[PDB]
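Enquirer: Pasting in a structure now, in structure tokens, and then I'll have a few things to ask.
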Amino acid sequence: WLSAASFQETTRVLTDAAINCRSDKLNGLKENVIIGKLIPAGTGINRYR
Amino acid sequence: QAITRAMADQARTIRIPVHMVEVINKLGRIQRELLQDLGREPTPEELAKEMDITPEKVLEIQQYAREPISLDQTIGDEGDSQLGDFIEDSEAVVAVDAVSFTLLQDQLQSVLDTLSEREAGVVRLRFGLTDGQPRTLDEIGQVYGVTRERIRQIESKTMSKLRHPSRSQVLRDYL
Amino acid sequence: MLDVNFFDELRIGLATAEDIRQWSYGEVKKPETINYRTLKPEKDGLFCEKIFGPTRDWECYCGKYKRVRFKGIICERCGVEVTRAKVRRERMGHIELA
Amino acid sequence: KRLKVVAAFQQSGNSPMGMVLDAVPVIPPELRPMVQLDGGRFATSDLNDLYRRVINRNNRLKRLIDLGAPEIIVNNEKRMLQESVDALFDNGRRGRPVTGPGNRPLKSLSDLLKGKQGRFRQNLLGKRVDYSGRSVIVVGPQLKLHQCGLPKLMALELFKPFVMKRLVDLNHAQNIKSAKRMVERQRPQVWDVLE
Amino acid sequence: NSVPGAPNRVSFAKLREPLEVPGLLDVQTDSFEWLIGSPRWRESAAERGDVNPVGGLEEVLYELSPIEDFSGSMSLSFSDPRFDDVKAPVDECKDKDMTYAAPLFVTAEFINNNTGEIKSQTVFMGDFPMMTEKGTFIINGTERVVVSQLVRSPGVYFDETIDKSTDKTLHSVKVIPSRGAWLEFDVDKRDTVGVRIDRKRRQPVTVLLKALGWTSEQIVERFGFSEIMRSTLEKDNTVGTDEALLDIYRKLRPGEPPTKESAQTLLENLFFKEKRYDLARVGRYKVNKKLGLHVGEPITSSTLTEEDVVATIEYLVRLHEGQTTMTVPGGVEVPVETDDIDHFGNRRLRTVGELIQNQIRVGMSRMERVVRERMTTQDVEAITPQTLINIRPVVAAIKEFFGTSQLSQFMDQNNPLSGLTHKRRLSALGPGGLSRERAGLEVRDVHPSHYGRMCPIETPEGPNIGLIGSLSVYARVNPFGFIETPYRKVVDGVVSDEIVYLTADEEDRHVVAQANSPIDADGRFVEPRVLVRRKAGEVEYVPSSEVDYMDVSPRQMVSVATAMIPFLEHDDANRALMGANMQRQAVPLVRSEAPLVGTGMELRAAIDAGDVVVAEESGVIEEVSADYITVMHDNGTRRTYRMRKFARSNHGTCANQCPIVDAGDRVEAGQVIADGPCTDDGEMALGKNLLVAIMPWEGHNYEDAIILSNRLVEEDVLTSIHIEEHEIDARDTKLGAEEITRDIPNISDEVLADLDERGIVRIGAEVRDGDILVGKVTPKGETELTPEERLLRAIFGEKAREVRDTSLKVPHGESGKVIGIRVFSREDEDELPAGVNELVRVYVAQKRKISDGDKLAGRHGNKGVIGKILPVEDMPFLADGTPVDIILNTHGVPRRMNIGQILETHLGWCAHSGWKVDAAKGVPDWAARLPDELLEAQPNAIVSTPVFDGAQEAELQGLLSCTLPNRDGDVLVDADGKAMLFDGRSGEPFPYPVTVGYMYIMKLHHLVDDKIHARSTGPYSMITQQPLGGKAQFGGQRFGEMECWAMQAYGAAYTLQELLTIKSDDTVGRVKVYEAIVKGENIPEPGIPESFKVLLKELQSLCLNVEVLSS
Ligand SMILES: [Zn+2]
């Protein structure tokens, strides 16, 4: 839900995000970007890390 | 009456008592009438007469008449930025001070330790730097078992030998 | 909630009254922000120092404790916890509805 | 349709009580700062204003109820409380936006999140960075592929701490602060060391 | 010519002018005159519509009078809108930051209608701002410009659309009055009418006509043949005049109980009352012409009536029925033609006068509100005109208009053009205007109805392409404000000198012809088939005697700045836009060479700009001086002219006005007294005239990079003075007051060297970046004295120095000499606001000798920053041994349809060397219709070329034949055009001849001294710890999402974590990295940042619990 809500219709999608207790994986690319965590690409995967 | 009190004491972003807003409204009335009554904006040196109050009070009244503004209103000709975008957090760490504050605190150890350790400890509590309480010389007598006048003597023994530029040359860069 | 950046799963969900009043550090009941003379938050004003914590760093409403040596102490007159001014960013409040 | 919600709540440990509200959060005041400009002039975020309206609404609703009033006025006040909370969560959803001074709409929580101005697309997806700069460009034919020209002053104020230290341990400035003033005054020594 | 001081600028003109070029300030002048009651306007209005010579002032006064009370026993009425003399002259108000203005007065009439009393009280209205001769209003001293606006002339605009279900063509109408609520009549997907009033879709015309007091009778007397409405009256499903009234009420005033009269009178109060639905006066006239209702009558009753709407409904239906002439029963006929908008016949022009009188209308609307408020609560006979009138709403209304209303914007001033052409601007945006996102594609287009009215080329190239417009040259302002353009009219093949002003709708019943035809001067066209414009704007061939209108003359459809580009007809309309817009951005140099090749409008366009001092009255020049010039009039008195030197421009430049006159020469009414920043001999001169060779020089003029002759830099031929002011404002405080003296805390010696004791620099102090300019020393405040500094003040012996020096240091990248100081003070007993005891304006100038990165540009859009400038050593030379002025890249020319600047290049070569087209035995074939005295020219000469009627290609071919040199025997450009060059580096010849000739160039206001910003770490945002934006504030650079995309596409995760974490938002790490590279150590592991945590606070603050599980 975080990725989509960070894409479009910020409120509308956030509604059902709240309804559906959708725990975000905190693993997605754009997720990592927002949360300040290293992204899972290029030099960010644990193999290279 | 209810509307008056409610507006006076609840319609202000910053609530102001009835008396102060009352004089403020009286000003907005008498000055605004005096503008027409004068062919000109009535001057404050004149407006202070009609209320029979000193001009400084009039200006305080006026400076409380001005209201807070909104931080998000557009400022650009088109809508692309808000006012809040130009505001600085006063509580920002210069981050040169912080590193330089550590350097101050460390030059402090390097200078105190190069001085005698009795004196270093004396000042560490006299100014109460490592603690929260600077001390007087009769508290030091217990911790250091000597007469307070002897710490009066030691304070100068610290400062004057410090007042040799050798300590001062390396510390005067810290300002 | 301590957030040392060791994060695995971000959860979003509705909040109940027992959550909102659980997060708050009191209930705000007076629509005031600033003292036009003292330029301070009022008792349970919208910026109430007691509720959201102190502004003056390690200095309570009456400044009963103006030194970091007192840290965390809640003043016995105002109750403003003696701590960092960062909490006014960290803490939050609530209003109860009639 | 109604399935997608009723089942979602059935499975989830979520009570549709929360979809109606009786307590409201209050965002930390600094995030809605009541800040003073240089010389007394202040500035609010207008969220404090919405809180003011809701607070006064609830306060007068209590005053009526604590006293006990004719019903219809209480019905009006209750609707007003509905409206004020509506604005607080979402200005301009039902009916007109709640415009404030000089006929402009205000800002609500739901606004802080939307579009190229909401946090997502304005302050988390893209943000402003230190140790940076900008200048016009010119052709760099005398360069090689990896090489890029650089306005020396721009490089200085980019590489400020680096040059600070480097001449500090060359003692051209005793401590870092002396070096900061050195660079500020732009003494010759800062330039070779910049190289 | 036709100018008392112009030099001979010979041209190739083909025809003569039935009228000369108008005063180019006639956009603000006439508007404001009509606003006032000017004697000029008094006579002009009493002769061109004298049914009502009435300025916005008198007009609004009458629409407002007489205010009554709720009952009608007591009333107030107005008269005599009277003015007074201004409060101080132009510079004086600007000097001491005052709004140039004059007082206003009015004579009231306190009429107690009950019994009768009068008070003809001459009520002071305030100090109404006034207009300067240049049309520029001074606000608080600041100069501001009120731009003209385009708007929709109110009324009914019938439209057509498709249903895309049965592909039926449906018709509707927008009933559009100024200050009106919507009422929408249409024919729906079905054949019924949608009569949705104020956006509420039910109740077709049965609720509409019956509610007027009607039943189906009068309706069917009109709708038996109107099948679109026969079903409506057949789908009535209800009966009653008051029934239809309540149906309106049920659909226009629902939510509140009805009653048999509430709607019955409401439907009168809505459109048949004049307090909620009032299309403008010119709107009433526009409809009078549209439907033909009124054909000989003056305008009144902006409140809607009944006759109009029946004609409206029948026009809509007979359009849905596809008729050709709807004639509402009882008047003249009109044709069935859809109501366009973008055709200027419906787009009026709200000028300054309309805007100001409307703001005054609303101001006195609220003033009437207050009059009634104090007419009741105050006792009867205890009330006087003064007490009834609150003039605050009046003065507020204007000031809130003037201040912070984008129709009253800053006056832009970095050159005389940006002063002038900023006026005569026809904007599309604003109140009543359409916002950019709402401003769709079509409206941006160049409508055929722009010919002669709006400049079709000079438009902004930003997001306002096509929105913001500029006047033409010959245009006119209508009393109504509809655009008017003068044209000749060909009657029976007699193109008359008659200067007939028309607007767009005055063409659709006419035909405008070709502008340059083989007209024999008999008024006929030689060829029958002439390229004319037909009524619909169609441009085709029509016989000679059939078209009815011919244009006035060339350069009529063009603006002024566009009229300074020789060979516009050889230049791409695209690039022409760039050149015109850049001509507004030139910087004030110190010579302002006139173009050897320009246009005849420059001489006219400069004096009209006011930036050229003129001899307003003839008589002898008494004396010439750099500070003044006295023109001794032939009659006793003289005229002393006090000049304006080093007066900073609105964009930080000079307004230098140099004299070009003689101590005794007779000066005429309309002749120069001083050239301005970018003028010479009274014609615009923004740059210099330079020989060319567009050979690409070793990849330093590559891709819009430019290389110049360094002589021009050492000569400073292209160099600009840059004035600037730093404002230093010391105010009243509880700390005290910021005493500006040379009492500096902790100041060295070399830094006071060029400073005077009184708290500023020495006036004429050479200063630099960071240089302390003004010591605005303040008290510091409270703080814990660090023990180290305590020991220091105990060890070496310096003072606490508890004063916060908030002095001015020249911020990044500024320098130059100091001009002086403009200081106002409270002890000076001035009008400083409540607290500011010292207002200081220190002025620093620098003549920025050019450098790479500074934007230059020609007159044909060719532009760019200087890549490099080497000394004259490696400059190829002609067969005259001459290194050339300017070297450019060729590759921009082929791909940009811009050989036009080369055309001017070569003709300027001819104009610099002179020529003698040999009429040895007969005028040469080109030379024959090539006008006279163009066969003659001597070196170092000046000429012009009209945009469309200029020096044709063949003519120029004839200008190459005799290529008589300047000094040596050297004909370098052959008859066909090219020349030969020898490299100045090699001394070795190029394989092919090299081009040369004379180009006009100028310096643009986009300096690399202005557009650099650097930051290691400055301050940070309020809410987030993020940096701020701006070059003024130390600010910080923005890294957007669209950068994040490529940023990950590189796979460089760690750098992105750097960007968003510590390079933006981690405090402690920011200090850590400071610790890292103050310890000379590699920058260690990234921290976790604040705005991310501020992100969390934002999110947690959202009435939704959120906790990220570690596990
Ligand atoms: Zn306390």
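Residues are named by chain letter and number: chains run A, B, ... in the order of the structure tokens, numbers start at 1 in each chain, and ligands are numbered from 1 in the order shown.
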For chain B against chain C, which residues fall within 8 Å using only C-alpha atoms, given as JSON, numbers by chain?
Expert: {"B": [10, 13, 14, 15, 16, 64, 131, 132]}
Enquirer: If we count only C-alpha atoms and set the cut-off at 9 Å, which residues sit around residue 35 in chain A, ignoring sequence neighbours fewer than 5 positions away in its own chain? Please answer as a VMD selection string.
Expert: (chain A and resid 26 30) or (chain C and resid 5) or (chain D and resid 124) or (chain E and resid 1092 to 1093 1095 to 1096)
Enquirer: Within 7 Å of chain D, which residues of chain E show up when using only C-alpha atoms, listed as a ChimeraX atom specification?
Expert: /E:699-700,702,705,853,867,1008,1011-1017,1023,1026-1027,1036-1041,1059-1060,1063-1064,1074,1077-1078,1080,1101,1103
Enquirer: What would the file look like if the residues just selected were written as a PDB file, in the first residue's frame with C-alpha atoms?
Expert:
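The resulting file, result_38.pdb, is shown below:
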ATOM      1  CA  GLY E 699      35.242  23.595 -30.647  1.00  0.00           C
ATOM      2  CA  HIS E 700      35.023  26.566 -28.305  1.00  0.00           C
ATOM      3  CA  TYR E 702      30.349  24.615 -30.078  1.00  0.00           C
ATOM      4  CA  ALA E 705      28.849  28.530 -27.237  1.00  0.00           C
ATOM      5  CA  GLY E 853      28.739  31.989 -19.061  1.00  0.00           C
ATOM      6  CA  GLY E 867      32.306  29.663 -24.448  1.00  0.00           C
ATOM      7  CA  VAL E1008      27.008  33.497 -14.603  1.00  0.00           C
ATOM      8  CA  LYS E1011      23.153  32.094 -11.496  1.00  0.00           C
ATOM      9  CA  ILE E1012      25.632  30.171  -9.361  1.00  0.00           C
ATOM     10  CA  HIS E1013      24.743  28.709  -5.995  1.00  0.00           C
ATOM     11  CA  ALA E1014      27.012  26.577  -3.851  1.00  0.00           C
ATOM     12  CA  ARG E1015      26.398  25.017  -0.462  1.00  0.00           C
ATOM     13  CA  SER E1016      28.209  22.582   1.784  1.00  0.00           C
ATOM     14  CA  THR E1017      25.711  23.178   4.600  1.00  0.00           C
ATOM     15  CA  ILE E1023       9.350  21.422   9.920  1.00  0.00           C
ATOM     16  CA  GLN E1026      15.722  19.626   5.101  1.00  0.00           C
ATOM     17  CA  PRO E1027      17.625  22.514   3.528  1.00  0.00           C
ATOM     18  CA  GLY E1036      20.400  23.974  -0.985  1.00  0.00           C
ATOM     19  CA  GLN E1037      19.942  21.924  -4.111  1.00  0.00           C
ATOM     20  CA  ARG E1038      16.859  19.854  -4.856  1.00  0.00           C
ATOM     21  CA  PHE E1039      17.234  16.167  -5.712  1.00  0.00           C
ATOM     22  CA  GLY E1040      13.913  15.028  -7.109  1.00  0.00           C
ATOM     23  CA  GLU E1041      12.219  11.709  -7.592  1.00  0.00           C
ATOM     24  CA  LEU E1059      21.491  11.689  -0.475  1.00  0.00           C
ATOM     25  CA  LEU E1060      18.293  11.260   1.476  1.00  0.00           C
ATOM     26  CA  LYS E1063      23.259  14.775   2.885  1.00  0.00           C
ATOM     27  CA  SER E1064      19.757  16.033   3.682  1.00  0.00           C
ATOM     28  CA  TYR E1074      32.053  16.882   9.870  1.00  0.00           C
ATOM     29  CA  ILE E1077      36.666  15.033   7.599  1.00  0.00           C
ATOM     30  CA  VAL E1078      37.796  17.162  10.463  1.00  0.00           C
ATOM     31  CA  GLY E1080      40.895  13.378   8.208  1.00  0.00           C
ATOM     32  CA  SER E1101       0.009  11.986  13.367  1.00  0.00           C
ATOM     33  CA  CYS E1103      -5.152   8.992  13.355  1.00  0.00           C
TER      34      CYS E1103
END
Enquirer: Would you name the residues within 8 Å of ligand 1, counting only C-alpha atoms and all ligand atoms, and put them as a compact mmCIF listing (two decimals) with N, CA, C and O atoms, in the first residue's frame?
Expert:
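Full text of selection-v6.txt as output:
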# COMPACT_ATOMS: atom_id res chain seq x y z
N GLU C 59 14.12 23.02 30.89
CA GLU C 59 13.62 24.17 31.63
C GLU C 59 12.10 24.14 31.59
O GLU C 59 11.51 24.35 30.53
N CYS C 60 11.48 23.87 32.74
CA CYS C 60 10.04 23.64 32.81
C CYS C 60 9.26 24.94 32.70
O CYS C 60 9.84 26.00 32.46
N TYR C 61 7.94 24.86 32.86
CA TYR C 61 7.10 26.04 32.67
C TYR C 61 7.53 27.17 33.60
O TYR C 61 7.76 28.30 33.15
N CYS C 62 7.62 26.89 34.90
CA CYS C 62 8.16 27.86 35.83
C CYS C 62 9.68 27.79 35.91
O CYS C 62 10.28 28.53 36.69
N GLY C 63 10.30 26.93 35.12
CA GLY C 63 11.73 26.76 35.21
C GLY C 63 12.17 26.30 36.58
O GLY C 63 13.22 26.72 37.07
N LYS C 64 11.37 25.46 37.22
CA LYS C 64 11.76 24.94 38.52
C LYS C 64 13.10 24.23 38.44
O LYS C 64 13.82 24.12 39.44
N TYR C 65 13.45 23.74 37.25
CA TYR C 65 14.70 23.02 37.03
C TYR C 65 15.26 23.47 35.68
O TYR C 65 14.78 23.03 34.63
N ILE C 74 9.54 15.58 36.59
CA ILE C 74 8.30 16.28 36.30
C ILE C 74 8.04 17.28 37.42
O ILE C 74 7.85 16.89 38.58
N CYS C 75 8.04 18.56 37.09
CA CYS C 75 7.98 19.60 38.10
C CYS C 75 6.70 19.49 38.91
O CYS C 75 5.62 19.25 38.37
N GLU C 76 6.82 19.68 40.22
CA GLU C 76 5.72 19.47 41.13
C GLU C 76 4.69 20.59 41.08
O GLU C 76 3.61 20.43 41.66
N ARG C 77 5.00 21.70 40.43
CA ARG C 77 4.06 22.81 40.30
C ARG C 77 3.36 22.83 38.95
O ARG C 77 2.13 22.94 38.91
N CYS C 78 4.11 22.71 37.86
CA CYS C 78 3.51 22.66 36.53
C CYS C 78 3.39 21.26 35.97
O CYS C 78 2.58 21.04 35.06
N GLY C 79 4.18 20.31 36.46
CA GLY C 79 4.16 18.98 35.90
C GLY C 79 4.86 18.85 34.57
O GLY C 79 4.87 17.75 34.00
N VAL C 80 5.45 19.92 34.05
CA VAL C 80 6.15 19.84 32.77
C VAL C 80 7.39 18.98 32.96
O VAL C 80 8.30 19.34 33.72
Enquirer: I need the contact residues of chain C against chain D, so if you could list those with any atom within 9 Å, counting only C-alpha atoms, and return them as a PyMOL selection string, that would help.
Expert: chain C and resi 13-18+20-21+23-24+28-34+46-48+52+87-98
Enquirer: Could you list, with a cut-off of 6 Å and counting only C-alpha atoms, the residues of chain A near chain C, each shown with its nearest atom pair and the distance in Å rounded to one decimal, rows sorted by chain and ascending number, as JSON lines?
Expert:
{"residue": "A:18", "atom": "CA", "partner": "C:13", "partner_atom": "CA", "distance": 4.1}
{"residue": "A:21", "atom": "CA", "partner": "C:13", "partner_atom": "CA", "distance": 4.7}
{"residue": "A:22", "atom": "CA", "partner": "C:12", "partner_atom": "CA", "distance": 5.9}
{"residue": "A:23", "atom": "CA", "partner": "C:11", "partner_atom": "CA", "distance": 3.7}
{"residue": "A:24", "atom": "CA", "partner": "C:10", "partner_atom": "CA", "distance": 4.6}
{"residue": "A:25", "atom": "CA", "partner": "C:9", "partner_atom": "CA", "distance": 4.8}
{"residue": "A:26", "atom": "CA", "partner": "C:9", "partner_atom": "CA", "distance": 5.0}
Enquirer: Can you list every residue in range 97-173 of chain B that DSSP puts in helix (DSSP H, G or I), as JSON, numbers by chain?
Expert: {"B": [97, 98, 99, 100, 101, 102, 103, 104, 105, 106, 107, 108, 109, 110, 111, 112, 113, 114, 117, 118, 119, 120, 121, 122, 123, 124, 125, 126, 127, 128, 137, 138, 139, 140, 141, 142, 143, 144, 148, 149, 150, 151, 152, 153, 154, 155, 156, 157, 158, 159, 160, 161, 162, 165, 166, 167, 168, 169, 170, 171]}
Enquirer: Tell me, in Å to one decimal, how far CA of residue 955 in chain E is from CA of residue 9 in chain E.
Expert: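 Separating CA of residue 955 in chain E from CA of residue 9 in chain E is a distance of 17.1 Å.
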Enquirer: Mind listing as a VMD selection string which residues of chain E are within 7 Å of chain C, counting only C-alpha atoms?
Expert: chain E and resid 1088 1097 1103 to 1111
Enquirer: Write the selection just made, keeping N, CA, C and O atoms, as a PDB file, in the first residue's frame?
Expert:
ATOM      1  N   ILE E1088      20.728   7.309  10.499  1.00  0.00           N
ATOM      2  CA  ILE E1088      19.308   7.289  10.161  1.00  0.00           C
ATOM      3  C   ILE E1088      18.763   8.696  10.365  1.00  0.00           C
ATOM      4  O   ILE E1088      19.004   9.294  11.421  1.00  0.00           O
ATOM      5  N   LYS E1097       6.733  10.960  12.275  1.00  0.00           N
ATOM      6  CA  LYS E1097       5.852  11.796  13.086  1.00  0.00           C
ATOM      7  C   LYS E1097       4.639  12.243  12.290  1.00  0.00           C
ATOM      8  O   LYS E1097       3.503  12.161  12.774  1.00  0.00           O
ATOM      9  N   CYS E1103      -4.013   9.709  12.783  1.00  0.00           N
ATOM     10  CA  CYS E1103      -5.152   8.992  13.355  1.00  0.00           C
ATOM     11  C   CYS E1103      -5.176   7.530  12.915  1.00  0.00           C
ATOM     12  O   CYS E1103      -6.241   6.928  12.779  1.00  0.00           O
ATOM     13  N   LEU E1104      -3.998   6.956  12.687  1.00  0.00           N
ATOM     14  CA  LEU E1104      -3.843   5.535  12.399  1.00  0.00           C
ATOM     15  C   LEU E1104      -2.593   5.043  13.110  1.00  0.00           C
ATOM     16  O   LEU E1104      -1.498   5.557  12.859  1.00  0.00           O
ATOM     17  N   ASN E1105      -2.746   4.060  13.992  1.00  0.00           N
ATOM     18  CA  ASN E1105      -1.580   3.512  14.669  1.00  0.00           C
ATOM     19  C   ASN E1105      -0.706   2.794  13.655  1.00  0.00           C
ATOM     20  O   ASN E1105      -1.214   2.115  12.756  1.00  0.00           O
ATOM     21  N   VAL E1106       0.604   2.960  13.789  1.00  0.00           N
ATOM     22  CA  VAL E1106       1.580   2.365  12.888  1.00  0.00           C
ATOM     23  C   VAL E1106       2.826   2.030  13.691  1.00  0.00           C
ATOM     24  O   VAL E1106       3.388   2.897  14.368  1.00  0.00           O
ATOM     25  N   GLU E1107       3.251   0.773  13.617  1.00  0.00           N
ATOM     26  CA  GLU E1107       4.468   0.324  14.289  1.00  0.00           C
ATOM     27  C   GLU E1107       5.163  -0.657  13.368  1.00  0.00           C
ATOM     28  O   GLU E1107       4.611  -1.719  13.063  1.00  0.00           O
ATOM     29  N   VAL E1108       6.358  -0.316  12.930  1.00  0.00           N
ATOM     30  CA  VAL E1108       7.126  -1.214  12.087  1.00  0.00           C
ATOM     31  C   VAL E1108       7.738  -2.277  12.984  1.00  0.00           C
ATOM     32  O   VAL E1108       8.441  -1.959  13.950  1.00  0.00           O
ATOM     33  N   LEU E1109       7.456  -3.536  12.682  1.00  0.00           N
ATOM     34  CA  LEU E1109       8.030  -4.618  13.462  1.00  0.00           C
ATOM     35  C   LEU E1109       9.464  -4.894  13.041  1.00  0.00           C
ATOM     36  O   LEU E1109       9.751  -5.211  11.882  1.00  0.00           O
ATOM     37  N   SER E1110      10.372  -4.771  14.003  1.00  0.00           N
ATOM     38  CA  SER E1110      11.692  -5.353  13.828  1.00  0.00           C
ATOM     39  C   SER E1110      11.568  -6.858  13.646  1.00  0.00           C
ATOM     40  O   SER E1110      12.231  -7.447  12.787  1.00  0.00           O
ATOM     41  N   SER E1111      10.701  -7.481  14.436  1.00  0.00           N
ATOM     42  CA  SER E1111      10.471  -8.917  14.382  1.00  0.00           C
ATOM     43  C   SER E1111       9.049  -9.259  14.814  1.00  0.00           C
ATOM     44  O   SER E1111       8.844 -10.044  15.742  1.00  0.00           O
TER      45      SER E1111
END
Enquirer: Near residue 42 in chain A, counting only C-alpha atoms, which residues have an atom at most 10 Å away, once you skip same-chain residues fewer than 6 positions from it, shown as a PyMOL selection string?
Expert: (chain A and resi 48-49) or (chain E and resi 1048-1054)
Enquirer: Excluding residue 58 in chain B and its own-chain neighbours fewer than 4 positions away, which residues fall within 7 Å of it when counting only C-alpha atoms? Please give them as a PDB file with N, CA and C atoms, in the first residue's frame.
Expert:
ATOM      1  N   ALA B  48      -2.957  59.542  20.332  1.00  0.00           N
ATOM      2  CA  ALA B  48      -2.699  59.380  21.753  1.00  0.00           C
ATOM      3  C   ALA B  48      -3.431  60.418  22.587  1.00  0.00           C
ATOM      4  N   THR B  54      -0.614  57.636  26.960  1.00  0.00           N
ATOM      5  CA  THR B  54       0.683  57.956  26.400  1.00  0.00           C
ATOM      6  C   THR B  54       0.860  57.258  25.052  1.00  0.00           C
ATOM      7  N   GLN B  62      -1.603  49.046  19.032  1.00  0.00           N
ATOM      8  CA  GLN B  62      -1.533  48.765  17.605  1.00  0.00           C
ATOM      9  C   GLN B  62      -0.734  47.503  17.320  1.00  0.00           C
TER      10      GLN B  62
END
Enquirer: Residues of chain E that have any atom at most 6 Å from an atom of chain B: could you tabulate them with the shortest-distance atom pair and the distance in Å to one decimal, using only C-alpha atoms, ordered by chain and increasing number, as JSON lines?
Expert:
{"residue": "E:795", "atom": "CA", "partner": "B:163", "partner_atom": "CA", "distance": 4.4}
{"residue": "E:1020", "atom": "CA", "partner": "B:88", "partner_atom": "CA", "distance": 5.8}
{"residue": "E:1021", "atom": "CA", "partner": "B:88", "partner_atom": "CA", "distance": 5.1}
{"residue": "E:1022", "atom": "CA", "partner": "B:89", "partner_atom": "CA", "distance": 4.3}
{"residue": "E:1071", "atom": "CA", "partner": "B:95", "partner_atom": "CA", "distance": 5.3}
Enquirer: Which residues are close to range 257-265 of chain E, i.e. within 10 Å by only C-alpha atoms, leaving aside same-chain residues fewer than 5 positions away? Reply as JSON, numbers by chain.
Expert: {"E": [211, 212, 213, 241, 242, 243, 244, 245, 246, 247, 248, 249, 250, 252, 270, 272]}
Enquirer: Give me a file of those residues, with N, CA and C atoms, as a tab-separated table (two decimals), in the first residue's frame.
Expert:
chain	number	residue	atom	x	y	z
E	211	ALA	N	-43.62	30.01	-15.03
E	211	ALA	CA	-43.25	30.70	-13.81
E	211	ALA	C	-43.12	32.21	-14.00
E	212	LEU	N	-43.09	32.68	-15.24
E	212	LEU	CA	-43.04	34.11	-15.55
E	212	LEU	C	-44.38	34.81	-15.35
E	213	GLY	N	-45.39	34.11	-14.84
E	213	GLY	CA	-46.75	34.59	-14.88
E	213	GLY	C	-47.57	33.96	-15.99
E	241	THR	N	-48.93	28.90	-13.21
E	241	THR	CA	-47.88	29.91	-13.22
E	241	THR	C	-47.11	29.89	-11.90
E	242	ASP	N	-47.83	29.98	-10.78
E	242	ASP	CA	-47.19	29.85	-9.49
E	242	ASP	C	-46.65	28.44	-9.27
E	243	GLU	N	-47.23	27.44	-9.93
E	243	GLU	CA	-46.68	26.10	-9.86
E	243	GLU	C	-45.29	26.04	-10.47
E	244	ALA	N	-45.12	26.62	-11.66
E	244	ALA	CA	-43.79	26.70	-12.25
E	244	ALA	C	-42.87	27.55	-11.39
E	245	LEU	N	-43.41	28.59	-10.76
E	245	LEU	CA	-42.60	29.39	-9.85
E	245	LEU	C	-42.04	28.54	-8.71
E	246	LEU	N	-42.91	27.78	-8.04
E	246	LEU	CA	-42.47	26.93	-6.94
E	246	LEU	C	-41.55	25.81	-7.42
E	247	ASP	N	-41.74	25.34	-8.65
E	247	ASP	CA	-40.79	24.39	-9.23
E	247	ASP	C	-39.41	25.01	-9.39
E	248	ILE	N	-39.34	26.27	-9.82
E	248	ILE	CA	-38.07	26.98	-9.77
E	248	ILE	C	-37.60	26.88	-8.33
E	249	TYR	N	-38.42	27.38	-7.41
E	249	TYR	CA	-38.09	27.36	-6.00
E	249	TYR	C	-37.70	25.97	-5.52
E	250	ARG	N	-38.45	24.94	-5.91
E	250	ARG	CA	-38.06	23.58	-5.58
E	250	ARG	C	-36.73	23.18	-6.19
E	252	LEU	N	-34.47	25.88	-7.40
E	252	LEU	CA	-33.54	26.99	-7.26
E	252	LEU	C	-33.49	27.55	-5.85
E	270	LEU	N	-34.43	37.72	-9.12
E	270	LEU	CA	-33.24	37.00	-9.57
E	270	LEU	C	-32.63	37.65	-10.81
E	272	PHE	N	-34.84	39.88	-12.97
E	272	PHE	CA	-35.56	41.12	-13.22
E	272	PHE	C	-35.32	42.15	-12.13
